[PDB]
Amino acid sequence: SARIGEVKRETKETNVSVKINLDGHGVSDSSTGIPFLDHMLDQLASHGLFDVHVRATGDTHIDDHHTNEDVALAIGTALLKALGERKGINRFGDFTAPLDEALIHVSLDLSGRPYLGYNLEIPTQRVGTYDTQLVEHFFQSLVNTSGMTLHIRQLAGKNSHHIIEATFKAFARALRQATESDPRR
Amino acid sequence: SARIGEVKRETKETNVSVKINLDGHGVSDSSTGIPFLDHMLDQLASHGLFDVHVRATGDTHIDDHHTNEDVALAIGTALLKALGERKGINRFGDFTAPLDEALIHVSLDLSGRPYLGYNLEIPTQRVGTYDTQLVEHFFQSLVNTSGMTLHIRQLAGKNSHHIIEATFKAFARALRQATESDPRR
Amino acid sequence: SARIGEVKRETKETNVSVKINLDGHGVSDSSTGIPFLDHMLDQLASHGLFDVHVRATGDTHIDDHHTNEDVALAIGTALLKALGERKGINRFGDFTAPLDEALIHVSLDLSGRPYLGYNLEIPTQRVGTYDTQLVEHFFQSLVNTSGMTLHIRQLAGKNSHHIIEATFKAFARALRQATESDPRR
Amino acid sequence: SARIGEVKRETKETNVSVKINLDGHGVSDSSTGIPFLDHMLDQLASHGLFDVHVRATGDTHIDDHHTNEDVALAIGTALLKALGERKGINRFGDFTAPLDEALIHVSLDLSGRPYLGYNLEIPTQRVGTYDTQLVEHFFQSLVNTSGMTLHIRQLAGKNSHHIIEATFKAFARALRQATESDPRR
Amino acid sequence: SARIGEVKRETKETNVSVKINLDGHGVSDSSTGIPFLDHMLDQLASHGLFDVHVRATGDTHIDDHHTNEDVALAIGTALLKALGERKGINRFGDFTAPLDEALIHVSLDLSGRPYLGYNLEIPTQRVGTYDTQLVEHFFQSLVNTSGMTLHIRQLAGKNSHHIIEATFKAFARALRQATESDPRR
Amino acid sequence: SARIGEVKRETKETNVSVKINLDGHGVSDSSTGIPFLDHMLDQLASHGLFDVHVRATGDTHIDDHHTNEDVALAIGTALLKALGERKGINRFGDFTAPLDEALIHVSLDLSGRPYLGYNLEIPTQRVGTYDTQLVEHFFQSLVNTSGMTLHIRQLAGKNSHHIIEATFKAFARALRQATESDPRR
């Protein structure tokens, strides 16, 4: 039985639906109203082999902040649900991924205590129409509802798209590791 | 046949018995007369899936130094014994583990040449009654008798218990990797 | 069917033949006219479990530069050939290896876009008769023909032989990882 | 009907029971196995007019860390339970309290998003037998389970007992404010 | 006839008895009420080949200061007594001793003029329950009653126990040299 | 009965035979395939009054590293063998030797715990054909198999040959001291 977590959450600002399969095949099905975030969620699915279904609508006329936050909160909860009792898994993940000149190390533990360590220095304010301050907020919010210990470390990088995308690749691979079965447990 | 190493060593200062199973299930059975060290040895077993049996008595009225040292020396020898001819193993291990805000990278090679690289900066002098200078000495002594190449790198951390415990988690996971069978060897 | 790439390339300066098996057993069979480079190619085979066959002759009376370059170019092409359509592989590799006091992190992606990030600081000009500037050039040239994204990071080290050899160990292990089958792909 | 939250939580390390009345009279009834922490919990009751009942036992032979953490986690959950639907309350609290030369500002929001901002610089390692690193950990853990936004700012202070005690006074008064009824809501 | 010095000294704070044989076999028989100091006195006997008998009781409820001081004063006097007319001895001693990473140089002259040069930098405040400020005070007090010129120089060291113990080894060996017969005198 | 240690060790890289007499007359009989190292081994014999017999062959086409290392490892083991139970010896050695402007202090203890402290700054890369990085590696490897505590301190020096040769003189004299009988033991 595949480990699936589903969350529906409505606020005055946003409406969000998430479904995640930890034991997926990389099926990507994300539409948040934020194209860059959709692109990063595709990366999460492809590089983590999660199946990721996300729908969101919200007050993007104001800015992308509330939608970005509420998407991330719901993903964190969906991951927590899917994990269930967490028996027999690796629990820890550790991966360093490049994207051309960018190089990002991610280390995480599915600990039940939220913590984000984050040192990205993204040198431009907008990637497309996406506010690059929202990258940290995405991870922070995801940590807070999932109860994950997460460290994100920028080792190299110049291009903002490369830096952010490499982060999602490394995160996805580390989370795949952590969620997979430990053969000796 | 599980790989088991046993060491009994007596000095004027200490009496030590160690038994380690490299192919264990995380059985933790350590009583050194140093409660913090017992706690760290439990971590080694749990995170490495080693079975760890340690008994020690010694001159803890003077300080914990001699007991800590002689425990570590005997563990190093027990690991060397258990490894035997070292045929078919990964040999190398590499893991970065968090504990909340702390993040520790451990890289090791079961090389037969002792070396410790160590850069922890533990910001308090005592964790409980345990002298935090003894952490480096534990690893140094273990390296010296095991003939291990070991690098311990503090990437982040503020709380002394977190820093030390994360170190043992990362070490345990790296040593598990190094001791496991390489499927292509 | 094992994945084998073969390259023969002649220039006015050099004559080079390379055969690499990605699914090898560590068979080492390298003779380049540069003894230190032969030694490093042996490391690549042993630590990566590649079978590596290299023959080169060239204008070593001038210096080792042209031979080193043309060997590396041909290895890069051989790796590209052997990889074929790249279906079902890990693609990414990440390994940190020590050699005594030296510690080198290698992260790579078989991306099809060449990039070398390289920060080694080798403190002597010659290891034997081998010009230590040629280490960077070897990796650069290999990247350029293979289309690999490669980051090489010196974390520690003092002895030039240790630094360079640790680099080849880490590279070999990372490349083994990247080239191996992903069990979920 | 007074707002009461009760939590019982057992781990391998600790056993904890907490009962908190938000609409109390300052009844103090705390015994954690950590005398300094008991003293601070008395301050919370007296200065906040909470009724605070805490019992804990744990592995204080190792150090006070696990007990301190698990007490704080359970208090955070008890506060969350007691708050219920959070209708009609002030929600925000803001108080700056002195204790002789020490002066501590606390600002909080019962937001449902955990965050701790903390800048105390406690100039000694032990107050009695209490490790002063545990002050931050107490607040962090409490924030994490309560979902509180909490900022703690040291404006002045030299004596470690004064600094920590002033913090608890300011926190208690700010939390009393936040939990009280807003007369216009 | 072996050179033996005996001192009994009582104060309101302490009661001390010392017997030292300059021409001993390393017989160690010290009980001061300060375990670390007992350990160092054992080192003095073992490394100097002095026979050392010490008994002390005192006001260790206040701290170890008075006992440490009065032990050292009495040892200095005992050494002076034992030396007698100082005819035919080397008089000068010079030894540099390691203990792992620690390296301590001691040079002394049995001159009849007290002087202590001391540059140890002991990086922790307590070794066991022993206040590391008391090391300097021990040597100072010993110098003052013995009338010794003594220089203690820290050349290397990180571990406080190693630094202090190496000091006693070097001191013992230098004092053995100084007290021994000069074959040409 | 003179104390003689003999070691034969073969690797894929090197073949080494060592015989050392601790109670020798300075008989020098070393041929390693590294002329500078032979010269230093002659110094060890002459200045230490050891009889030193060394034969080595190896992969000097690559560089002198493996031969230098394997010679030193075997010397360390030979010294350990020769020492036997270590009863009645001085154990410690301490000597500062000049060679013209160069001045090197060596302090050692035949402790059974390996440690090298080394601060030489050799201002040229090659003495003859000998890579001056290999000096540290020689001492490190010797320490590792002998279980010696060794500190090497450069007090003065400009000429690389003088610095290295003075080091071997001081080491030889210190080791002679440590290995000799203590007349009171």
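Letters A, B, C, D, E and F mark the chains in the order given here, with residues in each chain numbered from 1 onward.
In this text, a residue touches a chain if its C-beta (ideal position, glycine included) is under 8 Å from a C-beta of that chain, and two chains touch if they have at least 3 such contacts.
Against reference pair B-E, the listed pairs A-D, C-F or A-C yield one interface repeat, C-F (criterion: more than half of contact pairs the same by residue number). Looking at which of A-D and B-C shares more C-beta pairs in contact, the answer is the pair B-C. With each centre defined as the average position of its C-alpha atoms, the distance from subunit A to subunit B rounds to 34 Å. For this pair, subunit D with subunit F, the centres built from the Cα atoms lie 63 Å apart.
Among all residues of subunit E, none touch two or more other chains.
For subunit D in complex with subunit A, the residues that touch the partner chain are 113-114, 141, 144.
The touching residues of subunit A, counted against subunit B in their complex, run 92, 94, 105, 107-109, 111, 113, 115, 117, 149-151, 153, 184.
Those residues of subunit E that touch subunit F in the shared complex are 25, 49, 95-101, 103, 155-156, 169, 173.
In the complex of the two chains, the subunit B residues touching subunit D come out as 35-36, 38-39, 123-128, 130, 158-161. Per the touch definition, subunit F reaches subunit C in the complex via residues 59, 61-65, 125-126, 131, 133, 136-137.
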